[PDB]
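For reference, query_33.txt is printed below; it contains compact mmCIF, C-alpha atoms.
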# COMPACT_ATOMS: atom_id res chain seq x y z
CA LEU A 5 69.47 -155.52 -113.96
CA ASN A 6 66.66 -157.02 -116.05
CA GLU A 7 65.05 -154.19 -118.02
CA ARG A 8 63.11 -156.38 -120.45
CA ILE A 9 59.42 -155.49 -120.34
CA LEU A 10 56.36 -156.78 -122.13
CA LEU A 11 53.34 -154.63 -123.02
CA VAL A 12 50.07 -156.30 -123.81
CA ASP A 13 47.19 -154.37 -125.28
CA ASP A 14 44.67 -154.73 -128.09
CA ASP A 15 45.32 -151.18 -129.43
CA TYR A 16 48.35 -150.68 -131.73
CA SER A 17 48.22 -146.85 -131.44
CA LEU A 18 48.71 -146.97 -127.67
CA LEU A 19 51.36 -149.71 -128.02
CA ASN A 20 53.39 -147.57 -130.44
CA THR A 21 52.97 -144.52 -128.22
CA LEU A 22 54.18 -146.33 -125.07
CA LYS A 23 56.98 -148.19 -126.85
CA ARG A 24 58.38 -144.98 -128.37
CA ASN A 25 58.48 -143.35 -125.00
CA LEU A 26 59.57 -146.46 -123.06
CA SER A 27 62.33 -147.58 -125.43
CA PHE A 28 64.56 -144.76 -124.35
CA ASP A 29 64.89 -146.42 -120.86
CA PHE A 30 63.90 -150.10 -121.32
CA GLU A 31 63.84 -153.01 -123.78
CA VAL A 32 60.23 -153.07 -124.88
CA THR A 33 58.33 -155.90 -126.58
CA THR A 34 54.67 -155.53 -127.61
CA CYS A 35 51.84 -158.09 -128.06
CA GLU A 36 48.27 -157.52 -129.22
CA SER A 37 46.47 -160.14 -127.07
CA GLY A 38 46.66 -162.77 -124.33
CA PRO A 39 47.35 -165.81 -126.50
CA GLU A 40 50.06 -163.75 -128.28
CA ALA A 41 51.52 -162.66 -124.94
CA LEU A 42 51.39 -166.30 -123.69
CA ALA A 43 53.27 -167.49 -126.82
CA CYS A 44 55.90 -164.79 -126.37
CA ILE A 45 56.67 -165.40 -122.68
CA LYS A 46 56.96 -169.13 -123.25
CA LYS A 47 59.75 -168.72 -125.83
CA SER A 48 61.60 -165.56 -124.65
CA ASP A 49 63.96 -164.80 -121.83
CA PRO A 50 62.21 -163.68 -118.59
CA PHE A 51 60.57 -160.28 -118.60
CA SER A 52 61.03 -158.43 -115.36
CA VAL A 53 57.85 -156.49 -115.97
CA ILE A 54 54.67 -157.45 -117.83
CA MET A 55 51.78 -155.03 -118.20
CA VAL A 56 48.40 -155.96 -119.48
CA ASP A 57 45.28 -154.04 -120.33
CA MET A 58 42.22 -155.25 -118.43
CA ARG A 59 39.81 -154.96 -121.39
CA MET A 60 40.70 -156.96 -124.48
CA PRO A 61 38.45 -159.04 -126.75
CA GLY A 62 38.45 -162.75 -125.91
CA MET A 63 40.89 -163.17 -123.03
CA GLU A 64 40.66 -160.49 -120.35
CA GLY A 65 43.85 -159.20 -118.73
CA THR A 66 43.30 -160.92 -115.39
CA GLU A 67 43.18 -164.36 -117.04
CA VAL A 68 46.40 -163.49 -118.94
CA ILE A 69 48.26 -162.72 -115.72
CA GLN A 70 46.96 -165.88 -114.03
CA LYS A 71 48.13 -167.98 -116.97
CA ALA A 72 51.50 -166.14 -117.28
CA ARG A 73 52.31 -166.58 -113.59
CA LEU A 74 52.28 -170.35 -114.20
CA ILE A 75 54.84 -169.88 -117.00
CA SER A 76 56.86 -166.93 -115.59
CA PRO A 77 56.50 -166.83 -111.74
CA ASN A 78 59.14 -164.21 -110.87
CA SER A 79 57.77 -161.62 -113.37
CA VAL A 80 56.06 -158.53 -111.92
CA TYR A 81 52.63 -157.97 -113.38
CA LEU A 82 51.05 -154.51 -113.76
CA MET A 83 47.51 -153.79 -115.09
CA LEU A 84 45.89 -150.87 -116.87
CA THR A 85 42.42 -150.63 -115.55
CA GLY A 86 39.34 -148.53 -116.16
CA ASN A 87 36.98 -147.08 -113.65
CA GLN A 88 34.72 -150.03 -113.90
CA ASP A 89 37.34 -152.64 -113.36
CA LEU A 90 38.53 -151.49 -109.90
CA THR A 91 37.02 -154.39 -107.97
CA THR A 92 38.55 -157.02 -110.21
CA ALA A 93 41.93 -155.25 -110.01
CA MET A 94 41.76 -155.06 -106.25
CA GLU A 95 41.01 -158.76 -105.76
CA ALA A 96 43.79 -159.51 -108.24
CA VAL A 97 46.28 -157.47 -106.15
CA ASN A 98 45.03 -159.29 -102.97
CA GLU A 99 45.42 -162.72 -104.52
CA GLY A 100 49.03 -161.66 -105.05
CA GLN A 101 48.72 -161.78 -108.82
CA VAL A 102 48.95 -158.04 -109.55
CA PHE A 103 51.81 -155.96 -108.12
CA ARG A 104 50.23 -152.66 -109.11
CA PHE A 105 47.30 -151.43 -111.18
CA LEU A 106 46.90 -148.10 -112.95
CA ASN A 107 43.63 -146.23 -113.47
CA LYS A 108 43.08 -144.80 -116.96
CA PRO A 109 43.73 -142.53 -118.54
CA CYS A 110 47.28 -142.91 -117.25
CA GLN A 111 49.98 -140.26 -117.18
CA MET A 112 53.30 -141.32 -118.72
CA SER A 113 54.91 -140.44 -115.38
CA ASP A 114 52.71 -142.83 -113.42
CA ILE A 115 53.46 -145.61 -115.96
CA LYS A 116 57.23 -145.14 -115.89
CA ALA A 117 57.18 -145.03 -112.10
CA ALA A 118 55.21 -148.33 -112.04
CA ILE A 119 57.66 -149.97 -114.44
CA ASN A 120 60.72 -148.78 -112.47
CA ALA A 121 59.04 -149.99 -109.25
CA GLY A 122 58.37 -153.33 -110.93
CA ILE A 123 61.97 -153.73 -112.09
CA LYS A 124 63.16 -153.16 -108.55
CA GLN A 125 60.68 -155.62 -107.23
CA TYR A 126 61.87 -158.19 -109.78
CA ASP A 127 65.41 -157.71 -108.52
CA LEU A 128 64.38 -158.29 -104.87
CA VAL A 129 62.62 -161.53 -105.90
CA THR A 130 65.33 -163.06 -108.08
CA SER A 131 68.11 -161.83 -105.82
CA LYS A 132 66.54 -163.66 -102.93
CA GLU A 133 65.99 -166.72 -105.10
CA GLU A 134 69.52 -166.64 -106.55
CA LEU A 135 70.80 -166.74 -102.98
CA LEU A 136 68.58 -169.58 -101.80
CA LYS A 137 69.60 -171.46 -104.95
CA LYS A 138 73.30 -171.35 -104.01
CA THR A 139 73.13 -171.18 -100.19
CA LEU B 5 61.74 -164.40 -89.94
CA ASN B 6 60.37 -161.07 -88.60
CA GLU B 7 56.79 -161.71 -87.45
CA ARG B 8 56.21 -158.58 -85.37
CA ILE B 9 53.19 -156.67 -86.55
CA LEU B 10 51.60 -153.39 -85.61
CA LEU B 11 47.89 -152.73 -85.74
CA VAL B 12 46.63 -149.17 -85.64
CA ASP B 13 42.98 -148.40 -85.23
CA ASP B 14 40.72 -146.03 -83.39
CA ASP B 15 38.28 -148.73 -82.20
CA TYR B 16 39.39 -151.01 -79.31
CA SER B 17 36.62 -153.51 -79.99
CA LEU B 18 38.18 -154.23 -83.43
CA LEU B 19 41.72 -154.15 -82.07
CA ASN B 20 40.85 -156.85 -79.47
CA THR B 21 39.21 -159.09 -82.06
CA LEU B 22 42.17 -158.86 -84.41
CA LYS B 23 44.81 -159.23 -81.69
CA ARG B 24 43.00 -162.34 -80.40
CA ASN B 25 42.93 -164.06 -83.72
CA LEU B 26 46.29 -162.89 -85.05
CA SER B 27 48.24 -163.69 -81.87
CA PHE B 28 48.00 -167.39 -82.59
CA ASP B 29 50.23 -166.77 -85.68
CA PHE B 30 51.99 -163.45 -85.04
CA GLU B 31 53.54 -161.22 -82.40
CA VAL B 32 50.94 -158.45 -82.27
CA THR B 33 51.11 -154.91 -80.91
CA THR B 34 48.10 -152.51 -80.86
CA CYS B 35 47.88 -148.68 -80.88
CA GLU B 36 44.74 -146.53 -80.80
CA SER B 37 46.04 -143.63 -82.91
CA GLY B 38 48.55 -142.05 -85.31
CA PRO B 39 50.77 -140.28 -82.71
CA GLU B 40 50.59 -143.41 -80.56
CA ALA B 41 51.73 -145.47 -83.60
CA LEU B 42 54.57 -143.05 -84.40
CA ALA B 43 55.81 -143.21 -80.77
CA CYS B 44 55.61 -146.97 -80.80
CA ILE B 45 57.61 -147.20 -84.03
CA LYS B 46 60.44 -144.85 -82.82
CA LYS B 47 61.09 -146.86 -79.69
CA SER B 48 60.48 -150.45 -80.82
CA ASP B 49 62.34 -153.01 -82.86
CA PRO B 50 61.23 -152.87 -86.52
CA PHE B 51 57.80 -154.18 -87.38
CA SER B 52 57.66 -156.21 -90.55
CA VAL B 53 54.03 -155.22 -91.10
CA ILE B 54 52.05 -152.16 -90.05
CA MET B 55 48.31 -151.93 -90.54
CA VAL B 56 46.45 -148.64 -90.34
CA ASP B 57 42.80 -147.70 -90.35
CA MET B 58 41.84 -144.97 -92.87
CA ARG B 59 39.44 -142.93 -90.71
CA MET B 60 40.70 -141.93 -87.32
CA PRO B 61 40.20 -138.65 -85.46
CA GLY B 62 43.05 -136.12 -85.65
CA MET B 63 45.45 -137.95 -88.01
CA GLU B 64 44.28 -140.24 -90.79
CA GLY B 65 45.81 -143.50 -92.01
CA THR B 66 47.43 -142.06 -95.07
CA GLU B 67 49.39 -139.39 -93.13
CA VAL B 68 50.37 -142.03 -90.56
CA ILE B 69 51.84 -144.26 -93.27
CA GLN B 70 53.85 -141.50 -94.90
CA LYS B 71 55.18 -140.33 -91.51
CA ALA B 72 56.00 -143.94 -90.56
CA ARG B 73 57.84 -144.52 -93.88
CA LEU B 74 60.48 -141.93 -92.80
CA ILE B 75 61.04 -143.65 -89.40
CA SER B 76 60.69 -147.32 -90.58
CA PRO B 77 61.40 -147.49 -94.41
CA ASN B 78 61.56 -151.29 -94.84
CA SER B 79 58.24 -151.89 -93.08
CA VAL B 80 55.36 -153.09 -95.26
CA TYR B 81 52.25 -150.97 -94.84
CA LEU B 82 48.72 -152.30 -95.14
CA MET B 83 45.70 -150.05 -95.14
CA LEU B 84 42.27 -150.80 -93.70
CA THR B 85 39.50 -148.77 -95.39
CA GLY B 86 35.73 -148.82 -95.96
CA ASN B 87 35.12 -149.15 -99.64
CA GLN B 88 33.54 -145.77 -99.42
CA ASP B 89 36.89 -144.12 -98.47
CA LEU B 90 38.95 -146.11 -100.90
CA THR B 91 39.57 -143.90 -103.90
CA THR B 92 40.12 -141.02 -101.46
CA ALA B 93 42.95 -143.08 -99.96
CA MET B 94 44.28 -143.97 -103.39
CA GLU B 95 44.37 -140.36 -104.64
CA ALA B 96 46.00 -139.40 -101.32
CA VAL B 97 48.67 -142.16 -101.43
CA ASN B 98 51.62 -141.98 -103.78
CA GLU B 99 52.93 -145.09 -105.41
CA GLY B 100 54.94 -147.46 -103.17
CA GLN B 101 53.57 -146.31 -99.85
CA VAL B 102 50.72 -148.78 -99.43
CA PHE B 103 51.43 -152.46 -100.22
CA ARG B 104 47.83 -153.67 -99.86
CA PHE B 105 44.43 -152.10 -99.12
CA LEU B 106 41.86 -154.06 -97.22
CA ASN B 107 38.11 -153.52 -97.14
CA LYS B 108 36.13 -153.03 -93.91
CA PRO B 109 34.53 -155.12 -92.76
CA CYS B 110 37.06 -157.77 -93.78
CA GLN B 111 37.15 -161.56 -93.65
CA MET B 112 39.80 -162.71 -91.19
CA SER B 113 41.38 -164.83 -93.93
CA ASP B 114 41.94 -161.88 -96.28
CA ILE B 115 43.65 -160.23 -93.29
CA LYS B 116 45.96 -163.22 -92.50
CA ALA B 117 46.75 -163.50 -96.22
CA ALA B 118 47.70 -159.82 -96.52
CA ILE B 119 49.89 -160.06 -93.39
CA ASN B 120 51.69 -163.25 -94.46
CA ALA B 121 52.31 -161.54 -97.87
CA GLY B 122 53.68 -158.46 -96.08
CA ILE B 123 56.04 -160.64 -93.97
CA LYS B 124 57.41 -162.36 -97.10
CA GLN B 125 57.72 -158.93 -98.73
CA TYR B 126 59.59 -157.61 -95.68
CA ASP B 127 61.93 -160.58 -95.93
CA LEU B 128 62.75 -159.80 -99.62
CA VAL B 129 63.46 -156.09 -98.86
CA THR B 130 65.73 -156.69 -95.85
CA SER B 131 67.48 -159.64 -97.43
CA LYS B 132 68.54 -157.43 -100.35
CA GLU B 133 69.60 -154.66 -97.96
CA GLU B 134 71.97 -156.94 -96.04
CA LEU B 135 73.55 -158.19 -99.25
CA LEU B 136 74.36 -154.67 -100.02
CA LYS B 137 75.90 -153.91 -96.70
CA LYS B 138 77.32 -156.99 -95.00
CA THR B 139 80.99 -157.61 -95.31
CA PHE B 140 80.96 -161.33 -94.50
CA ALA B 141 78.68 -163.75 -96.33

What would you get if you wrote out this structure as structure tokens?
Amino acid sequence: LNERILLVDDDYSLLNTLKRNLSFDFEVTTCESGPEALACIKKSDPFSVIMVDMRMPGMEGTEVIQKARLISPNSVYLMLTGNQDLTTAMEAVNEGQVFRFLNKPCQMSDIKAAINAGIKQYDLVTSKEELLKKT
Amino acid sequence: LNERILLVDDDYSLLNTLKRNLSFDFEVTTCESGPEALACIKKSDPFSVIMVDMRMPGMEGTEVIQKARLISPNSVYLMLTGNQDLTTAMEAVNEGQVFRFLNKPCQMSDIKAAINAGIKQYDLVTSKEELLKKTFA
């Protein structure tokens, strides 16, 4: 079971808050931006789950997911999304880029359920691949 | 590859248009209502993909999906909604129940893409489930 997850958000306060809570059940890495996230995926072992915040200075979360899927195809990408980003989150889901998005503010519960759902999804994907790969 | 799909909508005019186009690629069944969909799901072979309209008289799409999830758990559920009913459907669905929402009216190609993605999703789910149960590889 891959429980390695990557959190991407501009805000260190929120990152520390999520990582404190999430580190009881998962292995959590944090990154402050898209370029930082892109550097981290390229050199680390596969993350099963990667969540990105929609609004960040410079590179928006949707671009980060689109670039990361070229580098880490199996990963399951989740997005934190505001009110005003719904449409962009919806078309991202429909393109098959975003597994799940979460409307802010988000309850811890909702977040942990998304992550668990993502981990399970990751296992479906790589299980099917690991069995094509041998047979 | 399971390519049996179930379309559930109130309006026969839209059912006919979708069954006409989708039948070139898929094995399509149509139902005009929730109770009609639930009957069809009990008695049929499993559908890989089930698509339900949000607004229907008597029983709405969301209730239909959550009732169908207890009869056909592996099925992938797609939900057709007007963008006006969308957040209502999102507040009313709990995570995992709807795989993909689609806007009405909807480009045929968004529809085919959602359905293909459902079919591939259905294949992942049931492939894992046989690995966990089959005795002989």

CA of residue 89 in chain A to CA of residue 120 in chain B, distance in Å rounded to a single decimal: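 Those two atoms sit 26.0 Å apart.
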
Using all atoms listed in the file, select each residue of chain B with any atom at most 10 Å away from an atom of chain A, and give the selection as a short mmCIF file (atom, residue, chain, number, x, y, z; two decimals) with C-alpha atoms, keeping the file's coordinate frame.
data_model
loop_
_atom_site.label_atom_id
_atom_site.label_comp_id
_atom_site.auth_asym_id
_atom_site.auth_seq_id
_atom_site.Cartn_x
_atom_site.Cartn_y
_atom_site.Cartn_z
CA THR B 91 39.57 -143.90 -103.90
CA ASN B 98 51.62 -141.98 -103.78
CA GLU B 99 52.93 -145.09 -105.41
CA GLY B 100 54.94 -147.46 -103.17
CA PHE B 103 51.43 -152.46 -100.22
CA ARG B 104 47.83 -153.67 -99.86
CA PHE B 105 44.43 -152.10 -99.12
CA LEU B 106 41.86 -154.06 -97.22
CA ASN B 107 38.11 -153.52 -97.14
CA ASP B 114 41.94 -161.88 -96.28
CA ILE B 115 43.65 -160.23 -93.29
CA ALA B 117 46.75 -163.50 -96.22
CA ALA B 118 47.70 -159.82 -96.52
CA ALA B 121 52.31 -161.54 -97.87
CA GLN B 125 57.72 -158.93 -98.73
CA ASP B 127 61.93 -160.58 -95.93
CA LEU B 128 62.75 -159.80 -99.62
CA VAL B 129 63.46 -156.09 -98.86
CA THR B 130 65.73 -156.69 -95.85
CA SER B 131 67.48 -159.64 -97.43
CA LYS B 132 68.54 -157.43 -100.35
CA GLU B 133 69.60 -154.66 -97.96
CA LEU B 135 73.55 -158.19 -99.25
#

CA of residue 65 in chain B to CA of residue 85 in chain B, straight-line distance in Å: 8.9 Å

Length of the CA of residue 116 in chain A to CA of residue 62 in chain A vector [Å]: 27.6 Å

Distance query range 5-16 of chain A at most 10 Å, only C-alpha atoms, self and fewer than 3 positions along chain excluded, as an MDAnalysis selection string: chainID A and resid 19:23 26:27 29:38 40:41 44:45 49:61 65 68 79:84 119:120 122:124 126:127

Nearest-residue call for residue 42 in chain B, choices B:29, B:70, B:17, B:24, using only C-alpha atoms: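 Counting only C-alpha atoms, the residue closest to residue 42 in chain B is B:70.
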